[PDB]
Structures are given as structure tokens and as C-alpha cells.
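Colleague: How does the following fold in three dimensions:
(chains A, B, C, D, E, F, G, H and I, ligands or ions: 7)
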Amino acid sequence: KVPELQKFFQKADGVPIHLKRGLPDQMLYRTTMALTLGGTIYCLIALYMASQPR
Amino acid sequence: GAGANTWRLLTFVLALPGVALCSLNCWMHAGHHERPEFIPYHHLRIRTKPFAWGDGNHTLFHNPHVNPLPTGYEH
Amino acid sequence: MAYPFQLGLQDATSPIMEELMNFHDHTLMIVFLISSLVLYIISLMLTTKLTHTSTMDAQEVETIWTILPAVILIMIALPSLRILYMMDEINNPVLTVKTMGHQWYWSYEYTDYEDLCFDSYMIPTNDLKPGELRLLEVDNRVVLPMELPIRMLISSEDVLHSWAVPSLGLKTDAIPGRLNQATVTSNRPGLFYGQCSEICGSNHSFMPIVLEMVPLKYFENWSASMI
Amino acid sequence: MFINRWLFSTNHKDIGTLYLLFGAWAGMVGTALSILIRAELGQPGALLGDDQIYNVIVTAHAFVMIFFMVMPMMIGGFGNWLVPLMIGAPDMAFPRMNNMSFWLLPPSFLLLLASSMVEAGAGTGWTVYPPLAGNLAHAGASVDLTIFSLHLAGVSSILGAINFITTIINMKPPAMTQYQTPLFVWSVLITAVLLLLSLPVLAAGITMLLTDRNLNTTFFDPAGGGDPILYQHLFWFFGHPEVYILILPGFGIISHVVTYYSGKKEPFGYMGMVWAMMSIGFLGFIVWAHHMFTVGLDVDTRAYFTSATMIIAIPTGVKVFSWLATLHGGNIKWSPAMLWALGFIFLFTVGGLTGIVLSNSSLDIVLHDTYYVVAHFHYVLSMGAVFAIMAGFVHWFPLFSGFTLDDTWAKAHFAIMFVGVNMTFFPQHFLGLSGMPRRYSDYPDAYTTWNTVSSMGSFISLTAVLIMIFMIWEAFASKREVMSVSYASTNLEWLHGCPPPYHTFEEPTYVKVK
Amino acid sequence: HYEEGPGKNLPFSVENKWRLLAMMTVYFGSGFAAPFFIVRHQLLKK
Amino acid sequence: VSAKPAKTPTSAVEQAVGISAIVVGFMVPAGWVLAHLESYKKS
Amino acid sequence: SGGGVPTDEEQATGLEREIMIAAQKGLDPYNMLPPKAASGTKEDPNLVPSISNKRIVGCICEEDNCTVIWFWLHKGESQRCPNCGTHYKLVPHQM
Amino acid sequence: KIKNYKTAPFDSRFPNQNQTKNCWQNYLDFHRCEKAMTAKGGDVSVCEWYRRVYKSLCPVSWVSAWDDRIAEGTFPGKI
Amino acid sequence: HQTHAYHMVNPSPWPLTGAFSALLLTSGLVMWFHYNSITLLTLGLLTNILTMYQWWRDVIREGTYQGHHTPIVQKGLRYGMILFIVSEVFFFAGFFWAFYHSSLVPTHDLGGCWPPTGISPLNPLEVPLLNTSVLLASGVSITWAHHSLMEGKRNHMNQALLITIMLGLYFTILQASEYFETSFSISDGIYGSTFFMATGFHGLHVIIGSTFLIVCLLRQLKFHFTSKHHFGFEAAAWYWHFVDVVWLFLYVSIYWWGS
Ligand code: HEA
Ligand code: HEA
Ligand code: CUA
Ligand SMILES: [Cu+2]
Ligand SMILES: [Mg+2]
Ligand code: NA
Ligand SMILES: [Zn+2]
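Modeller: Residues are numbered from 1 along each chain as shown, chains lettered A, B, ... in the order given. Ligands and ions are numbered 1, 2, ... in the order given. This is the structure:
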């Protein structure tokens, strides 16, 4: 199963190799970037809330 | 050097029988000791900042059979 | 203690700070010499119209180039090691005083005999008597006999402090759980002013040390009076 | 389009550009902190009140100027821009790790800013000595956020160091040796070696400090069995390698600038430069306890350590005298970067000589934590490293941007920069000799006058960097181009034009041995 | 492909002097004004 | 390094506006927060 | 127990396949080894192949010399080293 | 005797800057002399000089803490 | 085109995503130790595992399916891992220096002897020698695995890597089960602090090595490794030899000497 994935990944589509599989790599890349953006903004919200006293 | 069957023979003579023999040796020496009587030491069982899991006094691997709290043991 | 427009060090009272001052003059003369070399060469060799921009012998001057800074560093380092070994003799002291650096104040124990201890806090700026010094005057001055070897054991209760008097040439770390030793002597009586040199919180500027050095009979009278 | 070019970038020039931008921003943050410090020390009295907020400003000034101005700009920016251009490589070996190192840097900056914002404050000095940095004096989250800032910056610089060593050792043409490379390549090789050899020591040290703070260990608690002298040992075992890291790519930059603008084909004594840089790198690892001459060590230990300072004084003397020796008979072109390099030579000589005065433990009894130390480290850092950053920036701003700076404004900027730093840091020698300790928010009256003079000098340096910003804008307000560069045959980075294209060295260099 | 040439290898446009002057002064002024507002924050706390 | 004549050359007045813009944009916020410290100390 | 593990003469693909196929005939089109056919005269110059109209050429024209000197070399006749004068000629046809 | 003890002397076995081990070992040596000649039953005050050594050398907070832990029975030193 | 034999990487998000993931770990530890929040920390841990999975999966795609891995590239990756290993040497050496400075001169609060009074140390001749022998046997089995890889044996390789992985799992669960039933805790002075920090960091590194061995196994069962271009398995052998010589230094330093 390696030489036929070798045929699959040697394509001149111009797509980067982390969107070359089509659907599922695009799906978990989108979910990864969405959850890390949400985590970053909730991290800044948490840091700003911790900066203020009670 | 750079053989393949001689390394299988080497591991099947030395490594796994040695680990099995040491496992039997640690099995015949698998015996617990009694609980030592408790002295409230000061450089042992410190509490400066409480732990951030569960209650705050228990450690992460605190087995109550052997590990003492600063205020004695648990019953 | 310091006066306005002071350039050099505070002058010496202990013998140790006299040898430190003489060595400082020696090494600063050496620094002036080699800075004069560097400055005069860089002023010289950018101020010509002659040029030489071809292949040059890479290794033909390196023996003098290597032995001159080595011999000047040896000439620096030999009196450095001499005065470095001049602070670890057999002391055979007369008095032993213990200092503990508490949280932004000092505490003093004269407990060789008839245990005596007190605390030193700064006299505040609004509560200064006329003529006194801002940020350098304490409640209880720390009284010692003069021209005698005095052991001074320095520690702290909680954090890192630095018991320092510059004019006597003393600066020793006050480390919790650790007892460092200094020796202090004098040649003149009077008041000597130092302050903390290690970062110790929000009033780190606000702990001074005042060493009042008096004769032996007046130190005995003061020790009998304070107990 | 923008996101793939800059946020997802995988070539060295873009990452070097982002280094230059981030380090300029962080440097101006540090400059604001320095103006705040000299504003507290200007007149007697408390402009800010307590010493806690002043210590917060001092620690913030130290971390922001060390790990976020000289470190990323110097090592990352100049290495990423020039090292694959000097050795003729198309890119770095691991460009994704280089991009990760950049993008870990502003998390570390945000964590440092949040450490400053939390009401406890990390007012400990840049030495994070316990038990002051424990959970008793600083019970709070400021010291922990500081520790994680140092963790993130350390991981960034280990990744960059690994990438730099593999792209220098491996990505050369197969005919060139290691002794045919330019001098800045050697400086960043040795810098990356000491970076990955020194950074895990402070990583372990602040990890144990964190577990002492929040996991109830007694690594540095004297009431449990430890001692803070162990922390001092690990911290300075990193710490003197760190300042040699701060100064070595500056040595490479000034060697390149002095070689170029004098007209020379090569620096005088290339083998002497290479030997002295590896000697400084090898010998900075065994000199750390000159930072603890008052902790109460053995007298034999401090004798060994001051001898170690002398034998580390000799090879940088070889370097500075050979920098003098490569000015011999050269067509001295009076460029602004030449003025930065000559100011580097003189002021770094003065700072090193004051360090040699400090190197004697006998006088380090007197001058420990006074302002004499502050004058020493500012005459090396704030003059040598800053002047080398400015020399590299002025020399390679045609390469990075494509436009040439106005040299008249650059000479004026050097003039007021020199006046400002020299008037800032020369009375600190007298304040250290008189006996003002470090970390003080208020001083006695006898230290007033020099402090007043010193405060004035800081504002002049502000004017310097203010007009520096105008210089950059003036280049982009002029859009004057470059037809040609002189001495383009010896220097490889000038051979593709100004600025070089995105894809360089697709057809690599042709060099043969036989 | 990405732009190659003078002034285009930068993450910001340089085609106008005045908006780029405003960009530089707000970027470096935010840098210069961050620690001052931090010091204002711990003074305003207590 | 040779330099081309400027494609969009600035004059003296625009450089004066530029230096005044840098000075005012750097001295309004820091100067404003330094102009009253005792107001933050609950005057 | 037999083979099973493939050798890299059929499994390896792409650029690794290209350099392995070309390198077994003594050819290095992808520049991993220092080049050959060295003579500085104008009748037998130092030949350099390319895929474009010019190439950066680095001369170490005497041994134990630190600074390589770099110069662009274009098509046409044999240009010279800009301090020693060894002749370099460009033949841009390789792949 | 060795009395008229003005202060602590220069101990050649511990001549460096750190002086924790001097007062620590002198306090345990005083207690060990007390235990040894209480077991012997003789004049236990002949090593009273050793007592005055820790009067002069390490601070009264340390001595008070050590007295408290030896009164409760939480002394890590083996006496 | 491209005539240099170096590898040009496509634009990549996992620098940015892993960097902000590390930011989430640092802020999660701060919000856990001081404000007791788990959610940001777990979000960061998920972001690391997703970022590292995507990154190393794509490095697998370039190295195996697209053939960008020249000998110059493998030499560069070898240099990079060797430098990472040397960095971890100096990390564990800092921990060793902490333990040696702690135990060389015992302080007065401990009583002046190592071990301190009130603790019962683990004597080395019981079941720690079993886990030293387990790591040694795993090193021998991975050396047989590497030699069967170079020779061209497949089923011998599968048996060897399987026994290597299960002895690594046996080692980490044996260390964990012993540290359930140890007689002293993290708050039991400098001995407990040094011991538990050193053994916990070694346990984290051996579970990292076990995970790297597992992904090496599932790569090998999909025929990724050829007869000579098998740098992932060479990496597994190098990191495994690293982790058990580190454990040999821990067993000599802490368990045997002074206990
Ligand atoms: C750029 C960074 C840099 C550099 C290069 C150095 C270089 C040196 N440093 Fe320094 N140092 C710091 C940054 C740096 N330092 C910092 C940031 C601190 C503060 C740490 C703290 O907070 O405590 C510090 C602290 C510091 C101390 C602590 C003082 C104290 O705590 O009381 C000491 C002790 O002597 C010291 C010594 C030296 C020495 C001996 C050198 C030498 O390498 C200098 C040699 C350089 C030269 C240029 C001289 C060569 C020139 C010649 C002409 C030849 C001379 C030959 C003869 C005289 C014969 N440094
Ligand atoms: C990189 C290191 C660095 C630099 C540049 C500086 C620069 C300056 N430092 Fe700093 N300083 C330290 C590192 C540095 N310092 C450290 C490490 C301490 C010890 C902290 C402690 O006690 O723990 C310290 C301590 C320190 C104190 C001690 C406070 C106290 O203890 O009471 C003081 C006050 O006088 C001070 C002042 C200054 C001043 C007035 C400058 C001026 O030079 C400011 C002017 C600098 C610049 C303007 C930077 C140049 C940048 C540019 C020109 C822009 C670059 C951008 C491009 C090229 C695009 N410094
Ligand atoms: Cu005590 Cu500063
Ligand atoms: Cu140093
Ligand atoms: Mg100190
Ligand atoms: Na003030
Ligand atoms: Zn030639």
C-alpha cells in the first residue's frame, strides 16, 4: 500500500500536503485551528480576569 | 559482527530468562514491612502551598496504607 | 559614608580597606594605561592617507601579542591573590556579634556573656532629629569596641539580605539557614554607615546599618547599661 | 495570501523580518521601562511610592531587554537573514522549527506582561533568588508566569540553536570547509552551541523553583534541607554563558562591518578570530562563581574563579587588538556603521576593563551589587550589543528593505546616541565607588547629584531612538534604490541584489577542491 | 506567487508615506505606552 | 552602497511634520500618565 | 524468516529515486559532491553546468585560503576569476 | 580550667566563612558529653565550656528551636 | 525548479498552532495551581496532541511517500536529534547536580547525615534491579530489532519490536506501581524532592520513548521502513539507549549510593 499512496501524494494540484487527502485533513485542520483560536481568546480573557483583583 | 540470528540467540539466552529469574527473585522477596511509629517531624511532610487536586492535603500517589499525613495516619 | 561630588571610594578605617584601596589605585592605573593604548591606536591608525590592502603575513607578531596581556594579567592577579589570602588568617577575635536580617530590619545579639539583643529600624524622615541623615539613621546604633578583632556572624531569618558597611570594607551575604563569618576591626572611633545590598522586597532601600565604634571601657559601660 | 506568507512562513528571510519587527517593538518596551527607572532615580523622593513597583519595573526592564531585544534580533534575525545567504544555502534545514521559535516568542512576552500585571508583581530582580521568589514573599501567580515566560523563550532558543547548527554544519557546499565560512557564521555556530549547552540548566533550575513554589518541595528551602546557593549555582552556570551569547554575534557583526568598510578582503588573522571565539565559548562555562564572590565560598574557590576571569580576558583581547590590526592601511570609508563599530570597540573595551576590575574577589567584596557593576554591564550590553545591532541594521538595511538610509541622519543619531549613553553610564562608576547599592528606589542625598546627571542622559538616548524611528520612515519616505554595491565578490549576501528574491540558490554555488 | 522587489518583501504596504507614518507611530507608541499603563494599573490597584 | 535618486522625494516641511508626529505620538501617552501620578494614588 | 523488508531500489520514490538512479552511473545532477574537470587555461576552462542563463561561481584559487570569492558567470565565452584569472565556462543544458 | 572564656576561638577544623557546622557540632557535642557523663554518672559540668560555645556562636532562635525539638523529641541529631 | 538536493517545505500552520498550544499549557498550569481550572489545561493538551500528530504525519508523508529525504536531509535530521539529546543530557545533569549538591554536604536541619532521619530509603537489591534489567533487556531486544532491520528480517523485526514495546510498558507500569507503594512522599524533604523529580522526569521521558516506539511499530507494519532508509527506527534506538543510560545513572546515583 506504499507505492499507491506514493502515486497519490505525487500530484501537481498545487495543494499543500496537509490538504492533499481532501476531506478529512481539511476537517481536522479546521477543527484544530478553531479550537486553538478559541483557547487563545479564552486564555486572554482568563489572564485579563486574573489581572484584576476581587 | 552485524549478524541477525546470533542477536536473537543472545537475547533469548540472556535477556528474557534473566528478567524471568529476577522476577522470581523479586517475587520471593515480595513481603511488606510493618508501619513505623509516627513522629511529627518538621522537614518531613511540609505544607506551604496546598495541592491543586482533590482536597489539597493528599498528594498524587498518596496511598493511605503507608504514606502519613502531617497530623498522623488515616483510619 | 558618602559626601556630595564623591568620585573615588569612601576612605578606609580597617587595614583591609587600606590594602583594597591601594590595589584599586593599582588596577585603575593599569586600566588607564591600556585604555590609553586602545584610544591612541584607534585615533592614530584611522588618520592616514597611505593604504595597504593586499595579502599580509597572518602569523608573525602573535608571540608578543599573546605574552603582553598575559604578563599584565599576572601582574594584576598576584596582589589580588595576596589580598585575597589576607582575609582568611587566624583571627583570634575578642568579641562575637550575631546579626539576623529580619523582614526589613536588623537584629543584633551580643551573647558571649550576659545575653543581650536588640532591633535596628530606620528613624523615619518625618521623625528625624535636626542634623541627622536621611535614610541612614537607626533607632539603636550598633556599638563595638575599636582596634580589636571582632567576629561578626551574619545570617537572616527568612530571605537573602546583605550586611554591608563600605568604609570598613565589609559586605557579607545574610542567607537563611546559613551562618557566614566576617571579621571587623578599626583604627578610628566614630559612626560608619552602610545599608543592605541584596534585594529583599518592597522596603529594600529601607534598612541601614550604623556601626558606632568606641573605646573598650565605654563599650563595657554601654553593655552594662543596655542590660 | 497574507496568512500563508507570514503566519505560515517557511523561509528564513521572512522569519528574520518578523524577528526584526518584534525585537524593535520589544526594545522600545524596554526603553520605556528604562525611562521609568531613571525617572524614579532622577530627584530624591518617591515618584512611584513603594520599592515593590520599582522592582517590578527593574525586573521587567531586564527580561524585556535581554530575552526580547538583543536575543531575537541579533541571533534569530541576523542569522536567519544572513547565514543561508553567507554559506549559499537556499533555506534553513528545519524552517518549521524556526517558524515555531518565532511564534513561541510573543506567548512568552504576553506571559511576562501578565506576570507584571498580576497584583503580587515579580519584583525580584532578574535573578529570581528564593526565598524572595518563594510562595511567602511573592505568594501569587507573577513568579510562576515569569518562570513560564523563561521556559517558552528557552524552548524557542533551543529550537533555533538546533536549526542553526544543523544548517551551518550540513548545508555548506561540499567543497568548502568550516574554516572558509564567514565570521558571523562562526559566531552564530558557537552561540548556538553554548545556547543548547546552557539553557537546560536554567530550565531545570526554574522547574525546581516552580516545584518549590507549588509542589511543596525543599530544593531551596533552608527549613527543609535545601539552600538557595544551589539555585545561584545553576542560575549563574546558565547566566554567564547567556551574556557571552549576548555578545558573540555582535563580535561577528563588528568583524564583518570593520572588514567591509575599511576595504579589506578579509579580517586580519581569521584563524585568530576563530580560535578566540571557540576559546571564549569553551571558557565561559567555568567562570560562573564570579557572580557569587560574597555568598561565602571557599577562598581557594574564588582564587580559581578570578584566575578563570583572567584567562577569559586574554582571548577577547586578541580579538580587539586584531580588530585594531585590520584597520591598517585600509580605505577607511566613513559610513555610519563604521562609527557604530568604532564606538563598539572603545566602549566595549571600557566595559571589559571595568569587568576586569570587578573580577578580583578582593575588590568584589566592596563593589558587589553597587552601581559599578551596573556601569560594567551597561558598558558591555547597552553600548556593545546595542551598537552592534545598530551597525548590522545600518549596514544591512539596503539588503533587508531595498532602500538606503540617509547617512546624515544616521551620523546625527550616532552622535546623540553616544552622548546619551556616555552621560547616562559614566556617573554610575562614581555612584558604585561611593557605595550606592543596586535595586534602590530612593538614595541618600550624597548620591543625588550624579543620579541627576544620569537621569538627564537617559532622555538624550530617548531622543536618539526617537529620531531612529524617523530614519526608518525616511527610507520609506524616500524610496531611493540601489544600483550597485561595492565589494560584492567577497560578500555572498550582496550578490542577489537588494532585496534578494524569495527563491535564492535554486542553482547553487559552484566551488571545487580538485 | 508572492511579490518580489523593493518594498514588497515586508508584511505591510509602504506605497504611502503618511499612513505608514501613522502605522509606525501607533505600533512603536503602543510599545512605548504599554509599561506606563501597567505602572498606572498597579498604582490604581492599591 | 550606491543610491538612486528618490522616486518620491520628500521636502523639508514633510520631514518636519514627520519628526513632530513622532514626538507628539510618543510624548502624549507617556507624558499624560506621568503628568499625574498622585491622582492614581487617590489624591 | 525470508525477506519481507523491501530494499530501497523499488520502494524509494521522488527526489531520492532521482539521485539514486543518477548516482549509480557516476552522475551528480543534484550537486552533492564537489565537481571535477579542473584546468584554468583558456582552451580547457573549468566547465560548469546549469539550467539557467547564469550561475554563482565560488573560486578558492589557491589552497589554504579563507575567503572564497564569488562571481556571476553568464553564457557565451569563458569569463575569468576576478583575482586569479582561471577560466570558467558555462554549459547550461543539464537536468 | 580552660575558663575565663572571652569568646569563641579560631577552630582550625572549620576555618572557612561558613560557620553552621561549628555551632551545630558544638551543640550536639555538648549534649553528647551530657549524655555520656550522665551514663558515667560523674561531674557533667566539666564540659560546661562546650555549652558556652553555642552561647556565643549560633543565634538564639536556632538554639531555642533546637531546645524545643529536643524537649518534644523531634531532634534529627543522634544523641 | 530546484537543483540543490535540499527539501523545500510547503507553508505550515503547526508552528503557530503548537506555539499557542504551549502558551495554553503554561497558562493552564498557572490557572490550575492558583485558580483551580482544568479546562484550559486540557484544551492545551488536546492542542499539543493534535498539532504533533498532524506535524509528524506530514513529515511521514514527505519522507515516505514523496521522497524528499536526501542523504543530506537525513544527515541534518541526525544532527538535529543528536543536539536535542545533548540538551536533554544537560537537563538531567542539572538535576543530578542538584541531587549531588544536596547529598554531598547534609545540612543541620536534616541532622547532618544522608539519608535524613525519619525516612526509609529503597534498598537497591530489591525490585529496582528488576526494572534496570527490564530496560537492559529492552535495549538488547531493540539492538536485535535494528540488526534484523539492516539484515532484512521482517517477522524477527516484528517479534523484537513487540517484546521491546511490551517490556517498555512493563517498566513504566512497574515504576508507577512501585511509586504508589513507596514509603515517603514529595513533601519528605530534599531526598524526596530530588528523588521524585528525577524519577518522574525519567518516567515522562520513558513514556515519550514508549510512544515513539509504538508509532515506529505502526509505521513498520505498514512497510514504511526499507532496508537502509529507516531513520525513524534509528531514532528509536538512539532515544531508547539515551533513556536507559540515564536510568543507569539514576540507579547508580540515588538508589545504590546513599541507600
Ligand atoms: C555583554 C555582556 C557581558 C560581557 C562580555 C561580560 C564580560 C565580563 N564580565 Fe560581566 N556581566 C554581565 C554581562 C557581561 N559581562 C551582566 C549582564 C552582569 C550582571 C549579573 C548580575 O546581575 O550580577 C555581569 C556581571 C559581572 C560580574 C558581577 C559583579 C558582581 O556581582 O559584583 C563580574 C565580576 O567580575 C563580571 C565580570 C566580567 C568579566 C571579568 C568579563 C570579561 O569577559 C570582559 C573581557 C572583555 C574585554 C573587552 C577586555 C579585553 C580587552 C583588552 C584590551 C585586553 C585586556 C588585557 C589586559 C587588561 C591585560 N561580570
Ligand atoms: C540588553 C540589556 C540592557 C540594555 C540595553 C539596558 C539599557 C539601559 N539600562 Fe539597564 N539593565 C539591564 C540590561 C539592560 N539595560 C539589566 C540586565 C539590569 C539588571 C536588572 C536587575 O537589577 O535585576 C539593568 C539594570 C538597570 C538599572 C538598575 C535599576 C536599579 O537596580 O536600581 C538601570 C537604572 O539606571 C538601568 C538603566 C538603563 C538605561 C538608562 C538604559 C539605556 O541604554 C536604554 C537605551 C537603550 C536602547 C534605546 C536600546 C537600543 C534599541 C534601539 C536603538 C532600537 C533597536 C531597533 C531597531 C534597530 C529596528 N538598567
Ligand atoms: Cu535587606 Cu535589602
Ligand atoms: Cu559573568
Ligand atoms: Mg549576593
Ligand atoms: Na525615587
Ligand atoms: Zn581564483
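
Colleague: near ligand 6, which residues of the stretch 1-150 of chain D show up?
Modeller: Residues of the stretch 1-150 of chain D found near ligand 6 (Cβ under 5 Å from the ion) are residue D:40. In short, each C-beta sits where N, CA and C put it, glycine included.

Colleague: Return the set of buried residues in the helix or strand in which residue A:6 is found.
Modeller: Secondary structure assignment for residue A:6, by DSSP states H and E: helix A:2-9. Under the neighbour-count criterion of 16 or more other Cβ atoms under 10 Å in any protein chain shown, helix A:2-9 has A:5-6, A:9 buried.

Colleague: For residue D:463, state which of the residues you listed is nearest.
Modeller: Looking at these and their distance to residue D:463, the nearest is residue A:9, at 58.0 Å (Cβ to Cβ).

Colleague: Does the residue lying closest to the closest one once chain neighbours are set aside belong to a helix, a strand or coil?
Modeller: Distances taken as Cβ to Cβ, 6 or more residues apart in numbering or on different chains place residue I:65 nearest to residue A:9, at 4.1 Å, with adjacent residues excluded. In the three-state summary, residue I:65 is assigned as helix, counting by DSSP: H, G, I helix; E, B strand; the rest coil.

Colleague: Cross-check the contact I'm expecting between residue I:65 and residue A:2.
Modeller: Yes: between residue I:65 and residue A:2 a contact is recorded at 7.2 Å, counting by Cβ atoms under 8 Å.

Colleague: From residue I:187, how far off is the residue of chain B at minimum distance from ligand 3?
Modeller: Across chain B, the shortest distance to ligand 3 (Cβ to the nearest ligand atom) belongs to residue B:48, at 21.9 Å. When distance is defined by Cβ to Cβ, to the nearest Å, residue B:48 is 9 Å away from residue I:187.

Colleague: who has more neighbours, those two?
Modeller: residue I:187 (24 against 19; other Cβ atoms under 10 Å in any protein chain shown).

Colleague: In chain F, what residue lies closest to ligand 1?
Modeller: Of all residues in chain F, the one sitting closest to ligand 1 is residue F:30 (26.3 Å; Cβ to the nearest ligand atom).

Colleague: What lies in contact with the host helix or strand of that residue?
Modeller: Assigned by DSSP H and E, residue F:30 falls within helix F:12-34. Counting contacts by Cβ atoms under 8 Å, 6 or more residues apart in numbering or on different chains, the residues outside helix F:12-34 that touch it are D:32, D:35, D:39, D:466-467, D:469-470, D:473-474, D:477, E:17, E:21-22, E:25-26, E:28-29, E:32-33, E:36-37, E:39-40, F:10.

Colleague: where do the helices sit along chain A?
Modeller: A:2-9, A:23-51 (DSSP state H).

Colleague: and ligand 1, which of the ones you listed is closest to it?
Modeller: For those, the distance to ligand 1 is smallest for helix A:23-51, at 28.2 Å, taking Cβ to the nearest ligand atom.

Colleague: Quick check: nearest residue in space to the residue nearest the centre of chain I, chain neighbours excluded?
Modeller: Centre of chain I computed as the mean C-alpha position; nearest residue by Cα atoms, centre = their mean is residue I:205, 2.4 Å away. Once flanking residues are discounted, residue I:205 sits nearest to residue I:243: 5.5 Å by Cβ to Cβ, 6+ apart.

Colleague: how about that neighbour, what does it touch?
Modeller: Going by Cβ under 8 Å, 6+ apart, residue I:243 touches I:135, I:202, I:205-206, I:209.

Colleague: Make CSV from those and add secondary structure to it.
Modeller: As requested, the contacts of residue I:243 are exported to CSV (three-state DSSP):
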residue, secondary structure
I:135, helix
I:202, helix
I:205, helix
I:206, helix
I:209, helix
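
Colleague: Mind checking what secondary structure the residue of chain G found nearest ligand 1 has?
Modeller: Sorted by distance to ligand 1 under Cβ to the nearest ligand atom, the residues of chain G start with residue G:66, at 24.0 Å. The three-state label given to residue G:66 by three-state DSSP is coil.

Colleague: I figured it was touching residue D:178, is that so?
Modeller: No: counting by Cβ under 8 Å, residue G:66 sits too far from residue D:178 to count as a contact (11.0 Å).

Colleague: This completes my enquiry, with thanks.
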